[PDB]
Structures are given as structure tokens and as C-alpha cells.
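In: generate a structure from the sequence data that follows.
(one chain, ligands or ions: 3)
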Amino acid sequence: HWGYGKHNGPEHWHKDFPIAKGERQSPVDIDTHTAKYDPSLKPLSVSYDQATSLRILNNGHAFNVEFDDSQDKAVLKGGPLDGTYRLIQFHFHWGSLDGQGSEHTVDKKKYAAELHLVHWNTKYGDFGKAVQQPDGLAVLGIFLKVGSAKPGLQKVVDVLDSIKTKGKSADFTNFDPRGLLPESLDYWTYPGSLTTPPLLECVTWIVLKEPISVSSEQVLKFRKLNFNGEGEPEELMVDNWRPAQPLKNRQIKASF
Ligand SMILES: NNC(=O)c1[nH]c2ccc(S(N)(=O)=O)cc2c1-c1ccccc1
Ligand SMILES: [Hg+2]
Ligand SMILES: [Zn+2]
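Out: Numbers count the residues shown, from 1 in each chain. Ligands and ions are numbered 1, 2, ... in the order given. And now the structure:
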């Protein structure tokens, strides 16, 4: 099935998922001199104080930290969004080297990794229904650069040993996603898609200008993960990022 390798990677995806060549695919390059400040944007509201993490899973592509979304506990609202979007999970995309790994790029600049906090529009009842709607999802994207360690990330880093291979999961309760945010909530926003198959065009992307810094040892542990299942030949989980897709005269707006 689909992956990130030469034989199942991003330019093979269109065969099983024709929408890969669609009109609002993600990620995209953010050309900072083409993005326009939008005064009609409300401030962004990230309410993660009552977030309830459930567990962490290696899905053979990346790892997901999953949250209980059966109540309004961790919500995204404001900015370009109408109504309330509930946090369901977060995950990352990263490279084999610090000079690559992010999915969105900024004036062609690739970051070492990208964090995606995935939220679904609560007017649709559940995630499965939300992904059938053009405004079903909101993904908050945060760039990672290598520098000082991010203390709020370390609990995630520590558990990765326990979920090395495809299909492995571990209890991951009481994780506070507030520890992953940069200071500034300045952002760019554009309408887009899932960056993974089925590549559904259901996403309002909100990409934060300010990156977080993570340590070299933190990222190195990400790179120790496996794409393969236990007992299979080792295929390191690295370069699990889709490259930038045609903007196709969508408009990227800036909050600042
Ligand atoms: N990880 N399992 C999933 O079902 C999944 N759901 C997603 C929703 C949104 C996005 S996104 N990257 O465009 O923010 C990704 C996912 C995923 C997923 C994420 C990483 C690897 C494989 C699947
Ligand atoms: Hg959709
Ligand atoms: Zn993602």
C-alpha cells in the first residue's frame, strides 16, 4: 500500500487516490510576498487546557497521539474558522536530515519537521462525517527547527521506544499539547487537503509563522522509529513528508 518510498510514495498516490492532482491539495509553498494580510480574520483561539490524550500509535507512516474528542475539551476556533473544531490527534512529518522534513515550506525553505494538530468541525458530529465536507477539518501546522530542546515534547520522545514498529501503541494519558506551541500565534491560512491518502479536500490549514525549536537528540529519536512491523527488515521512519503541491490560484492569507 501507500508509503513514502520510491515505489509507493507521493507520485504514486494519484493512482489509488485521483484527488492527489486535485484543485486544493496540501501542502503548498507559502510565498510570504504573495500572501495578503486579512483584517477580516478574528483572533485565533487555541483552548487546550482540558485536553485528554488517550494513546500513541505507530501506524507504519508516522505516529499519532490520539485524544478523547467525545466532549468539547480541546478546541480550535476564531481566525478563518466558523464555529468550533475539536482536537482529535496530532502527528509529525520529519526528514532524514535537518535540512528537510516539513511539508509546508516558507519561500521554499524546508524545516526539520512539521507538527500537525488535527481538529474536526463539531457541526458534523464526528470525524468520519467531517472529512466528507469542504470545511470539515482544521489542521494547525507548526514548524520544527533544530536548536534548544522543547521540554513539552520530551514525554513524546520518551515513549517512542515502546512504539518502534508498525502497529505498536502505548498508553499516553495526561499529555498537555500546550507544551508544543510557540509564543506567537501569527499564521498563514489557506483551504487545502489531508497531506496523506486519502488526500481529502476537507482542510482549513492554519500554519504558524513562528517555529518551535527541538534538540538534535529529540529529532534523532524520531529517526529511530520504524516504518516496518516487528520482525521485518528495518526501514527507518524518516522522510515521511509530502512535498509542496500546486497552489492553483488559491489565496494564502496572513493574520499579521
Ligand atoms: N494517522 N492516521 C490517520 O488516520 C491520519 N489522519 C489524518 C488527518 C490529517 C492528516 S494531515 N497530515 O494532512 O494533518 C494526517 C492524518 C493521518 C495520518 C498522519 C500521518 C501519517 C499517516 C496518516
Ligand atoms: Hg472534503
Ligand atoms: Zn500531517
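
In: show me the helices in the stretch 1-150 of the chain, by range?
Out: For the stretch 1-150 of the chain, helices defined by DSSP state H, counting those that start in this stretch occupy the ranges 13-16, 127-130.

In: can you check the stretch 151-256 of the chain too?
Out: Shown for the stretch 151-256 of the chain, the helices assigned by DSSP H, counting those that start in this stretch span residues 154-159, 216-222.

In: in this protein, which residue sits furthest out from the middle?
Out: residue 231 (28.6 Å; C-alpha atoms, centre = their mean).

In: please identify the deepest-packed of the helices of the stretch 1-150 of the chain.
Out: helix 127-130 (a mean of 16; mean count of other C-beta atoms under 10 Å). Yep, even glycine has a C-beta here, placed from its N, CA and C like the rest.

In: so who does the residue in the chain that ligand 2 sits nearest to touch?
Out: Ligand 2 sits closest to residue 202 of the chain, with a gap of 3.2 Å, by C-beta to the ion. Taking C-beta atoms under 8 Å, 6 or more residues apart in numbering, we find residue 202 in contact with 130, 131, 132, 133, 134, 135, 136, 137, 193, 194.

In: do a quick rundown of the strands in the stretch 101-250 of the chain.
Out: 105-106, 113-121, 137-146, 169-171, 187-192, 203-208, 212-214 (DSSP state E, counting those that start in this stretch).

In: in CSV: those, plus mean neighbour count.
Out: As requested, the strands of the stretch 101-250 of the chain are exported to CSV (neighbours: other C-beta atoms under 10 Å):
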stretch, mean neighbour count
strand 105-106, 18
strand 113-121, 25
strand 137-146, 23
strand 169-171, 14
strand 187-192, 22
strand 203-208, 25
strand 212-214, 21
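
In: distance of the residue nearest to residue 90 when sequence neighbours are not counted from residue 23?
Out: Nearest residue to residue 90 in three dimensions, chain neighbours excluded: residue 117, at 4.6 Å (C-beta to C-beta, 6 or more residues apart in numbering). As for residue 117, its distance to residue 23 is 25 Å (criterion: C-beta to C-beta, to the nearest Å).

In: tell me which of the strands of the stretch 101-250 of the chain sits nearest to residue 240.
Out: Shortest distance between residue 240 and the strands of the stretch 101-250 of the chain, using C-beta to C-beta, is found for strand 113-121: 9.8 Å.

In: between strand 203-208 and that closest one, find me the angle.
Out: Per axes from the mean of the first three to the mean of the last three C-alpha atoms, to 10 degrees, the angle that strand 113-121 makes with strand 203-208 is 140 degrees.

In: neighbouring strands for strand 113-121, and are they parallel or not?
Out: strand 85-94 (antiparallel), strand 137-146 (antiparallel) (DSSP bridges).

In: contact partners for the closest residue to residue 102 other than its chain neighbours?
Out: Spatial nearest neighbour of residue 102, excluding adjacent residues (C-beta to C-beta, 6+ apart): residue 111 at 3.7 Å. Contacts for residue 111 were tallied using C-beta under 8 Å, 6+ apart; they are 101, 102, 105, 143, 144, 145, 211.

In: kindly recompute the last result at 6 Å.
Out: Taking C-beta atoms under 6 Å, 6 or more residues apart in numbering, we find residue 111 in contact with 102, 143, 144, 145.

In: I figured the first one hits residue 108, correct?
Out: What it means is residue 102. No: look at residue 102 against residue 108 with C-beta atoms under 6 Å: they stay out of range, at 11.2 Å.
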